[PDB]
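Analysis of the macromolecular model
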Amino acid sequence: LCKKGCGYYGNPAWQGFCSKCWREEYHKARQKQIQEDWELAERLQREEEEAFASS
Amino acid sequence: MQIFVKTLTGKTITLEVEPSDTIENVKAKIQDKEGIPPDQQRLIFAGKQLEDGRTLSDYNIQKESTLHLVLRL
Ligand SMILES: [Zn+2]
């Protein structure tokens, strides 16, 4: 049984989730990683702007 | 396998790579496609700037993973 409790059977290759709850979890984790990476990139851009300005 | 490289302008670059590819070799592919010299490229994945002598597999970059790219001014 899917550890999210949707009533379907979980696949041990998918960490105990069924197919649908696994794909949701995969998409959400990538969305969060991609948003945090974008924030880091904007911080790096600001660091580039300061260094460039200082010369 | 395909990966995506997103810039701060909203542009996404698709690259054909293998997990054993070095970061330096991915920067060469970006230069070939976008003209950006490797030395001006800063790659990001999962909270880390990517180091030239490491591989895509070292960072858990997988099929359809999205990296970010910032350029040195
Ligand atoms: Zn489920």
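Residues numbered from 1 in each chain as written, not as in the entry; some residues may be left out. Chains lettered and ligands numbered in written order. Heavy atoms only, no water.

With respect to the layout of surface pockets
If a probe the size of a water molecule is rolled over the atoms, the empty space left behind becomes visible. Note the threshold: The method works on a 1 Å grid over the protein atoms by themselves. A cavity is a set of points holding a 1.4 Å probe that cannot get out, a pocket is an open set with protein on both sides within 12 Å along at least five of seven lines, and residues with an atom within 4 Å of a point line them. Grid points are joined across faces, edges and corners, and a volume is the space filled by probe spheres set on the points. Strands here are runs of E lasting at least two residues and helices are runs of H or I lasting at least four, both read from the DSSP assignment and numbered beginning at the N terminus. All amino acids are sorted into three groups, where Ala, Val, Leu, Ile, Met, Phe, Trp, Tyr, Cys and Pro are nonpolar, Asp, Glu, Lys and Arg are charged, and the leftover types, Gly among them, are polar.
By volume, the largest pocket amounts to about 250 Å³. Along its surface, the largest pocket is lined by 14 residues, and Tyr26, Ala29 and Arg30 of chain A together with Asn60 and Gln62 of chain B are the ones closest to its centre. Per-element tally for the lining of the largest pocket: the top contributor is helix 1 (residues 19-53) of chain A, with seven residues. Of the residues assigned to the lining of the largest pocket, the class counts are six nonpolar, five polar and three charged.

Comments concerning the UniProt feature "binding site: Zn(2+)" in chain A
Residue and element names in this part refer to chain A. Convention followed: UniProt positions are given in the numbering used here, feature names are shortened, and annotations may be inferred rather than shown by experiment. A contact between two residues is defined here by any heavy atoms of the two lying within 4.5 Å. Each residue gets one of three labels from its accessible area relative to the maximum for its type: buried under 20%, exposed over 50%, partly exposed in between, using a 1.4 Å probe on protein chains only.
Under the UniProt annotation, the feature "binding site: Zn(2+)" is placed at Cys2, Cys6, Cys18 and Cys21. Spatial clustering of the annotated residues is evident: they stretch over 20 residues in sequence, but the largest pairwise C-alpha distance comes to 8.4 Å. Relative to the helices and strands, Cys6 is located in the segment before helix 1. Apart from residues lying up to four places away in sequence, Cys6 is in contact with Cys18 and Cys21. Its location among the elements puts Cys21 in helix 1. Given a relative accessible area of 13%, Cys21 falls into the buried group. Setting aside chain neighbours within four positions, we find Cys21 in contact with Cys2, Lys4 and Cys6.

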